[PDB]
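Read-outs: derived from the displayed coordinates by stated rules, not from any lab. Methodologically, a virtual Cβ is constructed for each residue, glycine included, from the backbone with ideal geometry; neighbour enumeration extends over all protein chains shown.
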C-alpha cells in the first residue's frame, strides 16, 4: 500500500522455547577386560557415536559413529581411559 | 482467558496469495503458506498460512477457521484441516495465521482444509528433517530413555 | 463356526493404557499399542492393541469394535479403522486384541479408528522393514515370478497354536467417582463393582462396597478412587498395574499363528551370455539388487558372490572342470570349455 | 607449626602428612581437593545463529518506474525490475504492457530462535583458579573451605589458616578463541566481528541478543519474478549457522586432556589434574600437646601380612606394639613408596593392630613412623589377576 | 548368534543371555521400559556368509 505501513504489531503465536524432550538410550555395552586393553563388545540399535579420551597428557581422542554391531578395542594406559557410549553418562577406567 | 488476543483476532483479516503448487498448478489459494520454521528437535513445525484461523467472525468459535473467498471472507468449520509431508502429519494447535503441527521428515510440506464441495489444498518445496537431541541419531521420539 | 472361540469373546474386555504418542503427546488412549510383530516375509504386520476388535457385546457384529471409554465400554462400528505407517497400510483381518495388515516399509507404526466426532489414534516408534523371499532384494510383491517357501502370518484365526495369559486386570483409578456430598468427598459405583477405597486421612481403609461417603478427608486429590472390575478379564499388559490378590488364568489362543506359506517372488531379467576361449562373459541388466553367486566345480571351489545393482558386465575363467552360476533365483546353470 | 609442602594436583587423593613440630607431640595432616575450578577471564565478542529473510511487501507501480532507496537495514538488498505483467485471483493487475515495474526489497534479520539457541564467541585470558579444600587433620576431622591459588590469599576457616599455590603449570585447555554452543564448548577459531564469510560460520554476527545492529553477510540477491506472478524470488547462501552445526568437531569437554570437564558456567575446567601446588599451612599451637604426654612405643617390630602389587589398598601388615601408656597415636610413612589409609590408632599395653595400605613395589622397603617411633616394614607383594578396582590411590609409580 | 538356545522346540527349559536390564519408568507413567540388546538371531540373518 503506497500510503503508509499502519500499526498492528502482532505477537508471534508459537515462540520457540528450550523445553526438555525425551531422548533414546542405547543398550549398555558388554565390557570385556584384557591385560592393559579395554574391549567394548557392543550392539547399537541406531547410529550412535562413541567418544574416547585418554586422561594423560596426550588426549588421543576418537569419535566414531557406528551402526552395525561391532567390536572395538582401546589401549588403556596407566594414566587411564574414559569413554562415552551414546548419551549414557561418561565412565572412566583404570589400568592394573 | 482466550479473549486477550483481539489484536490478532479483530484487527486482522483472512488473506489470499500465490501458492506455488496449488493442486496441479500455481493457482491463488486462500491458504498459501510461507516461512515454515522447521528448526526444532521433537519433529514439530510452525507454519504461517495465508488463511487466518482463530475465532469466528465476531468473537467466538475457536474451533473455526476463516479464509477469504473472492471479495469476502467466510468463517466455516475446520473439519479436515490437513497438513502433510512425505507422510501425513498430525495437528497440534492453531492461532491466527500460524498453525503448529508435527511432521515426519520429508521434502515437501502441504496444507489443505475442506470447504466440503472443494479440496483447496496448497503445498511448497521445503526440506524437513529432525535430528533428536543427543548422541543417538534416532528418527522417532522413543517411549522411554 | 465363528462363534466357536468364546474363550476370548465373552471372558475378555478391552481396557485403556498409556500410548507413547497418543495424538500429539503421551495421553492414555483406548487403542494403546503393544507387541508390534514385524517378522513376516511379505511385509505383513501383526499388532496387539489394548482395544478389542471383533465381536459385539455378546457374540455378533464382526464388523463392530469394542473399546473402553472411561470406566465403561461402548461397542461401535468399525467404520473408519485405519493402520498407518510411512505410507497408509491396508488392513486384512481384525480379531480380539490383534490386527493383521500389510504395511509399506517405514519407521513408525500408527493405529487409529474414527469414532466420528474424534480420531482417538495411537502410534509407537518401531521400524518395519521389507525382507523379500529369496535372493532378489525387491521392495513390493510383483504380479508374477517364481514362488518360494516364505514365512507369513495366516489370515485365519480359528487356531490354537499359541496362548497368552489373561489374568484379572489390576484395578483402575477413576477420580470421577469422587463426587462431593456437599462437604465431604463421595464415591459411587459402576454396577456394584468393587471400589477399593481410602484417603491420606484415617477413614474407611479397604473399600469393598456400594456407594460410600467419606467421613474424614475433604479433597478429591487425596483419596484412592479405585475399581476392581475383574468380572471381565484383561490381557497381561505391561502398562497396567497388577492386582496383588492373585493372578488369574484363562489363557486364550493367539489369532494369527505364523505359517510356512508360499509367496510369489520376483524373477530377475535373464542374462545375455557371450563367450571367449575358456572365458564366460556375462551381461547383466538387473532392475533391483539381485545376488549373483558363482561356483567352480573343480577341486578348488573358489566361490564368488556379489550384490549387483547397476547394470554391469562381468567375466569368469571357465576351466575344463566346469563352472556354475546362479543369477537371481533362476535355476543354476553349468558349463564346459574347449 | 608452619608446614610448607608441595602437593600433587589430584582430586580424590589424600595428603596425610605428619607435622614434625619440635617440643610437642607430632600432629598428622590431611588435605583433599574437592574441586580445581580454573575460571579463566573471558570477554564476549558476538553471538551467531540462524537468520530469517524478512521480505516486506513488494512495491508495484502499474504504469511507471520507481527508483529504490538505500535503506539502513542490514544487508538491505533492493532492485527494480522492468516489463512485468502480474496476475492475481482477480485477473491481470494492470492495463500497461511495459511500464509495469516492481520494487522488491529484502533484508536479513536474526531469527526468533536466536533467543534460545545461539553460539557464543569468547576470547579468554589466563584468569585465576579456585579450589574447594577439605582438611580433616588433628582431632577436628572437618573443613569446608573455598580457596584461591594466588600465593597471597590466606584461608582461615575453622581454626587453621593456610595459603595455596600458585600452580606449577600454566596449562589452560581453553585456546585464545573459544566458541560456546548452549552447553558444549568448542575451541573453534571464529574469524572476528563483522568479517564472517557468507555460508561459513558467523555469516550473521550480532554483538548481543539485545543489540539492534548486526553484521549479516549472506550474499542475498533478488531475481526477477517468473511468468508474471506477485512474489519476491530471492537467492541466498544456505544458513551458515545451520552448517557447522551438523559437522562440528568434538567438543572441548570431550577432548581436553588431564581429565578436565567444563560446564555452562564461568567456564571453569574442574578436576584438571596437572602440576603441583606449593601448600603452606599455619597450624594453631592450641592443637599441639606437650611431648611428655605421648606414650613411648619403643622396641617394637613390624611384620608384613599380605601385600598386593596393585592400586587399591591391598597391602596389610601387623605391628607388634610395645607401649607403656594408652592413648591416640598418628601413623604416617614419610617415604612416598607406600601410602597408609589408616590415620589414627589407639595404643594398648603391648598390643598388635593391623592396618591397610597400598604400594607399587615388588619388595616394598618403606619407613613407618609411629608417633615418634621409626620402623621399617620390609616385605613382598603379589600382582593381582582381576584388575578391577577404583582409580589408583598409591600415586607412587617409579622404578621397581 | 545363539543368543537364545533351546534343546528342542518343545523343551520347556532354555538358555537366554541377552543382557536384559530394566529401566526406571519415565515421568510417573505406568509402563515397564527395559534396556535390551538387539535380537541375536536377527544378526547373522542379514550378514550370513555364503
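Points to keep in mind about this one:
- Fewest-first sequence of C:138, D:1, C:325 by Cβ atoms within 10 Å of each Cβ: D:1, C:138, C:325
- Amide N proximity, region C:286-303 versus residue C:321 label position 7 Å along Cα-to-Cβ, cut-off under 16 Å: C:294-303
- Taking every DSSP bridge with both residues inside region C:114-249, close to 100 percent are antiparallel.
- Two-site FRET efficiency, residue B:60 against residue A:7, from Cβ-Cβ distance with R₀ of 45 Å, rounded to 0.05: 0.95
- Cα shape, chain D, gyration tensor, a/c 1.5 rule: prolate
- Averaged over the residues of peptide C:198-208, the number of Cβ atoms from other protein chains lying within 10 Å of each residue's Cβ is 0.
- Look at the stretch A:53-65: the mean tally of other chain Cβ atoms within 10 Å of its residues' Cβ atoms is 4.
- Cα gyration tensor, chain E - rounded (a/c under 1.5), prolate or oblate: oblate
- Estimated 222 nm signal from helices in the protein assembly as shown, with DSSP H stretches of n ≥ 4 weighted -39500 (n - 2.57), rounded to 500: 0 deg cm²/dmol
- Spin-label proximity, residue C:267 to region C:119-138 - amide N less than 17 Å from point 7 Å beyond Cα toward beta carbon: C:133-138
- Normalised by the number of residues in chain A, the average gap of Cα pairs under 8 Å and 6 or more apart makes the relative contact order 24 percent.
- Antiparallel bridge percentage (DSSP; both residues within the protein assembly as shown; nearest 5): 100
- As computed over region C:1-144, the Cα convex hull volume per residue (Å³): 131
- Hydrodynamic radius of region D:108-168 per Kirkwood, over alpha carbon pairs, in Å: 15.3
- The alpha carbon centroids of region D:159-237 and region C:107-174 are separated by 49 Å.
- Spatially, region B:1-62 and region D:368-400 are offset by 75 Å when compared through their Cα centroids.
- Spin-label model distance (nm) - residue C:143 vs residue C:69, 7 Å beyond Cα toward Cβ: 4.5
- Relative contact order computed over chain C (Cα-Cα under 8 Å; 6+ residues apart), in percent: 15
- Cα gyration tensor of region B:84-145 - equivalent ellipsoid semi-axes, whole Å, descending: 27, 14, 10
- Isotropic mean projected area of the C-alpha convex hull, region D:353-400 (nm²): 4.6
- In terms of the mean number of neighbouring beta-carbon atoms within 10 Å, the peptides D:58-66, C:100-108, C:270-278 order highest first as C:100-108, D:58-66, C:270-278.
- Rounded Å value of the spacing that divides the Cα centres of region C:223-249 and region E:14-47: 25
- Note: region D:207-278, Cα convex hull, 180 Å³ per residue.
- Here, P(r) means the percent of Cα pairs in each 5 Å bin from 0 to the largest distance; for region C:101-218 it is 2, 7, 11, 10, 9, 10, 9, 9, 8, 6, 6, 5, 4, 3, 1, 0.
- Relative contact order of chain D, taken over Cα pairs closer than 8 Å and 6 or more residues apart, is 18 percent.
- Highest mean packing first, where packing is the average number of other Cβ atoms within 10 Å per residue, the peptides B:67-74, D:331-338 line up as D:331-338, B:67-74.
- The simple Förster model, with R0 at 60 Å and r as the Cβ-Cβ distance, assigns residue C:251 and residue A:21 a FRET efficiency of 0.95.
- Shielding value for C:127-134 is 1, the average number of Cβ atoms from other chains within 10 Å of each residue's Cβ.
- The residue D:245 and residue D:301 beta-carbon pair, evaluated with R₀ = 60 Å, returns a calculated FRET efficiency of approximately 0.30.
- The largest-to-smallest principal axis extents of the Cα set in chain C are 104, 41, 40 Å.
- Amide N of region B:24-49 lying under 13 Å from the label point, which is placed 7 angstrom from the Cα of residue D:226 along Cα→Cβ: B:26
- The translational diffusion coefficient of the protein assembly as shown, from Stokes-Einstein at 20 °C and 1.002 mPa s with a Kirkwood hydrodynamic radius over alpha carbon pairs, comes to 59 µm²/s.
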